[PDB]
Amino acid sequence: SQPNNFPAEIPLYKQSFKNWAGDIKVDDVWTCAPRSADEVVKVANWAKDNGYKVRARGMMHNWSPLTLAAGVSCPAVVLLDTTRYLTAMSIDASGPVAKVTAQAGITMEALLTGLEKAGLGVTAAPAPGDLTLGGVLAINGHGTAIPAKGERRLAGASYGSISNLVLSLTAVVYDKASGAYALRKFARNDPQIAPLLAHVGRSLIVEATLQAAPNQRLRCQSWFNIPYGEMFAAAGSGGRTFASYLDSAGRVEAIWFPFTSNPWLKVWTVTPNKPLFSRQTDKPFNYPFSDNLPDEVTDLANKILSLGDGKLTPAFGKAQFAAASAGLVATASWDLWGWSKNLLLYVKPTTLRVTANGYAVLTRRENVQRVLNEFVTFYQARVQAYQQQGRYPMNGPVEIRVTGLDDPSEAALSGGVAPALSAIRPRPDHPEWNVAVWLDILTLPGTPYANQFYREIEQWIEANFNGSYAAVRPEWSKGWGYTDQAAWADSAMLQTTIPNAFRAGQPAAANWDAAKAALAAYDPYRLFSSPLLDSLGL
Ligand SMILES: *Cc1cc2c(cc1C)nc1c(=O)[nH]c(=O)nc-1n2C[C@H](O)[C@H](O)[C@H](O)COP(=O)(O)OP(=O)(O)OC[C@H]1O[C@@H](n2cnc3c(N)ncnc32)[C@H](O)[C@@H]1O
Ligand SMILES: OC[C@H]1O[C@@](CO)(O[C@H]2O[C@H](CO)[C@@H](O)[C@H](O)[C@H]2O)[C@@H](O)[C@@H]1O
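The deposited coordinates derive from X-ray crystallography, with the record listing a resolution of 1.54 Å.

If you want it as structure tokens, here you go:
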């Protein structure tokens, strides 16, 4: 069924949709590539009269079904490929803090490269460069960074998600006076912007202005000689704990392969001059042996998933650790140095395709080690319980990152508001919770028992990280709300637990219900949604 009366000057065509993990694949989805923000608004106003949803089509990296659902032949949805034309950017350095305005289809690699050429950069960002700015803002995309002990924040920088850098944005919003959708610009100190800073797919952003700080030189050191029992030891310290590196450098990520002893630890340190033996790099993606999988790894993945040989999982984790550790040694990449974007961007899409769950655990900075040690202790014991039964649900690594919260005091204006729906929006009732520990576990899509295992982990995370100790919000882009059959399917999590995570500690005027109401007012025809967003009641 071809859509009727579609704007004549905007070419409409069928194009398949396939997310990065490969588990959402829809054929022949009606797609167009708007040349301008005005063309986006034309498509929205046609869609409301014709019963089609409207979603931005970025790089299709998201795991959760926020664009459209899997298994739906040729949906009543029109996708707007923002990557072709909505990519322009400009920089205004006429104030005490530089500002970059960019159309929402630009990639993070292009954005950060444009900033570098102007002497500017950001504290943290997602590891891939092949993501649109609009996709990253929609789900509070983030990297890893908190301040090292003694570090002062640079004006125009933040330790939160990319959503926290927004100073202004232009969204497609219903204008009640004219009865039509139109472009509307919002300032970061306008409370009405709050649901749009990270709208989870409930809006369409055509352009945003972000703060940018003077660019930093970073060193990025990798270590594979620290046993997980030491790295993730109980608070009570001693040794090379993950928290000791947060204090010395502030920017830390651990990737811990299954059934292996030593995680791949990456530590980024702000380092003005290149250390004597560090290798300078002037490009991003410096771990080619991680981006280009060796045959040993791809062969084991295929045996495990396609041939059902799950007992090869421990060997598979060892192969993955070998690829990372011996690969870093072969490419002389364990101690790198250069402008920030070259070290912040480090994952290409040719890496191992995996699904992942994800959670942000808000807590006091001093509690990070406890959080990590608690999660690692529970995970190891569950993995063992499953291995006892001959099951290997998790065949990818555990990944740990830590960031600040989306605290508007870090935005370079007075009265900035927190994103209403960011997973790391602050908790007014707990001013002492000032970090978020991000926890994820990766596994090949479709691995037997994965959902059942992810459900056990999710139930324990919600039970454990509670009270005045910590709180939990799901990482929107990843898996959550698990039943034994699927992710994003548990009724209690969708109807009660997640919405409550956005009411706890918040004023009624700025909580889950207020955000939902504002997004509905901005989109009365409900153009901007997918079955998951409907099931969440957002
Ligand atoms: C695949 C992947 C993703 C990823 C990652 C590593 C890989 C291999 N590492 C990440 C990380 O280090 N930190 C982080 O926070 N996220 C990481 N991700 C996830 C990624 O950031 C998100 O999935 C992001 O949304 C992907 O961007 P992309 O451009 O690919 O977006 P999409 O999948 O097509 O769309 C996702 C949702 O965003 C909406 N969207 C996209 N553009 C807009 C605009 N302009 N306006 C409003 N909404 C927009 C889509 O409609 C959809 O709802
Ligand atoms: O971050 C410094 C780095 O940026 C460059 C451009 O790539 O210079 C930019 O920033 C300088 C310092 O503010 C400015 O002098 C210059 O005008 C601006 O382009 C590099 O030359 C510099 O090493």
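There is more to say, and it comes next.
**Student:** What is the right way to look at the sheet that holds strand β2 (residues 25–32) in this model?
**Tutor:** Strand pairing in a sheet takes place through backbone hydrogen bonds and is either antiparallel or parallel in direction. Taking strand neighbours across the sheet as the criterion, the 4 strands line up as β1-β2-β4-β3 in an open arrangement whose pairing is mixed. Sheet topology places β1 (13–18) and β3 (53–57) at the edges, where each strand pairs with a single neighbour. Averaged over all pairs of adjacent strands, the angle between their axes in this sheet comes to 45 degrees, without regard to strand direction. Taken together, the 5 bridges between β3 and strand β4 (residues 77–81) define a ladder with parallel strand orientation. Bridging across to β4, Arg 57 finds its partner in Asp 81. Along the sheet, helix α1 (residues 37–50) contacts β2, β3 and β4; its crossing angle with β4, the most-contacted strand, is approximately 180 degrees.

**Student:** Mind showing me how you'd approach the UniProt feature "binding site: FAD" (unreviewed entry) in the chain here?
**Tutor:** With numbering aligned to this structure, UniProt lists the feature "binding site: FAD" (unreviewed entry) at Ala 56, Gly 58, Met 59, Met 60, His 61, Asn 62, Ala 127, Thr 132, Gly 135, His 142, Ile 205 and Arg 401. With the annotated positions falling across 346 residues, the maximum pairwise C-alpha distance of 28.0 Å shows that they are not confined to a single cluster. Along the polypeptide, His 61 turns up in the loop between β3 and β4. Residue classification places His 61 among the buried positions, given a relative accessible area of 15%. In contact with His 61, not counting residues within four places along its chain, are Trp 20, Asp 130, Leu 131 and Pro 349. Mapped onto the fold, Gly 135 is located in helix α3 (residues 133–138).

**Student:** Explanation requested: the nonpolar core in the structure shown.
**Tutor:** What tends to happen in soluble globular proteins is that the nonpolar side chains get buried as a cluster. Core analysis: the largest hydrophobic core is formed by 130 residues, its most contacted members being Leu 169, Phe 242, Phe 375 and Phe 465. No other element matches the 8 residues that helix α10 (residues 368–388) contributes to this core. Judged by nonpolar contacts, the second largest core, of 24 residues, contains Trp 30, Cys 32, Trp 46 and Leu 80.

**Student:** Please clarify how the site of ligand 2 should be interpreted in this entry.
**Tutor:** Near ligand 2, the surroundings consist of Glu 116, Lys 117, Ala 118, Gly 119, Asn 215 and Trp 339. Measuring from an oxygen atom of ligand 2, one finds a backbone N or O atom of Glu 116 at 3.2 Å. The backbone of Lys 117 places a nitrogen or oxygen atom 3.3 Å from an oxygen atom of ligand 2. Surface burial for ligand 2 is 33%, taken as the share of its 470 Å² of free accessible area covered by protein chains.

**Student:** How do you make sense of the packing of helix α7 (residues 295–306) against helix α8 (residues 313–330) when you look at a structure like this?
**Tutor:** Angle between the axes and distance between the axes are the two parameters that describe a pair of packed helices. Where α7 contacts α8, the two axes come as close as 9 Å, and the packing angle between them is 155 degrees. Overall, the two elements α7 and α8 adopt an arrangement that is roughly antiparallel. With respect to the hand of their crossing, α7 and α8 are arranged in left-handed fashion. Facing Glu 296, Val 297, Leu 300, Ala 301 and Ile 304 of α7, the residues of α8 in contact are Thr 313, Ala 315, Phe 316, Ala 319, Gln 320 and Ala 323. Taken together, the residues of the contact of α7 with α8 break down into 8 nonpolar, 2 polar and 1 charged.

**Student:** What am I meant to see in the packing of α10 against helix α11 (residues 450–464) here?
**Tutor:** Put simply, α10 and α11 touch, their axes get as near as 11 Å, and they point 150 degrees apart. Compared by their axis directions, α10 and α11 come out roughly antiparallel. Between α10 and α11 lies a crossing whose hand is right-handed. Residues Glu 374, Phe 375, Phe 378, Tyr 379, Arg 382, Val 383 and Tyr 386 of α10 form the contact with α11, whose own contacting residues are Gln 452, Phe 453, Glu 456, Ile 457, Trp 460, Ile 461 and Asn 464.

**Student:** Before we go on, may I ask you to explain the packing of aromatic side chains in this structure?
**Tutor:** Here a ring pair, both rings aromatic, is described through the centre-centre distance and the interplanar angle of the planes. Counted by the stated rule, this structure contains 27 aromatic pairs. Relative to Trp 256, the ring of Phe 232 lies with its centre 5.6 Å away and its plane at 55 degrees, an arrangement referred to as tilted. Within this pair, whereas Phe 232 is found in the loop between α4 (228–231) and α5 (242–248), its partner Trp 256 is found in strand β12 (residues 251–256), the two being separated by 24 residues in sequence. On the basis of relative accessibility, which here comes to 2%, the residue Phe 232 falls in the buried class. An aromatic cluster of three or more residues is present, and its members are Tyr 228, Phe 232, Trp 256, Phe 375, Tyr 379, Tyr 386 and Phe 453.

Cut-off values and rules
- Residues numbered from 1 in each chain as written, not as in the entry; some residues may be left out.
- Chains lettered and ligands numbered in written order.
- Heavy atoms only, no water.
- Pairing = 2+ DSSP bridges.
- Helix = DSSP H or I, 4+ residues; strand = E, 2+ residues; numbered from the N terminus.
- Axes fitted to C-alpha atoms, helices over the stretch in contact; angles between N-to-C directions.
- Contact = heavy atoms within 4.5 Å.
- UniProt positions renumbered as here; feature names shortened; annotations may be inferred.
- Buried < 20%, exposed > 50% of the residue type's maximum accessible area, 1.4 Å probe, protein only.
- Core = buried A, V, L, I, M, F, W, Y, C linked by side-chain atoms within 4.5 Å.
- Near = heavy atom within 4 Å.
- Polar contact = N/O pair within 3.5 Å; in protein donor to acceptor, adjacent residues only side chain to side chain.
- Areas by Shrake-Rupley, 256 points an atom, 1.4 Å probe, with all protein chains shown as cover.
- Parallel < 35°, antiparallel > 145°, perpendicular 65-115°, else oblique.
- Left-handed = near helix turned anticlockwise from the far one by under 90°.
- Nonpolar A, V, L, I, M, F, W, Y, C, P; charged D, E, K, R; others polar.
- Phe/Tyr/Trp six-rings, centres within 6.5 Å; stacked < 30°, edge-to-face > 60°.

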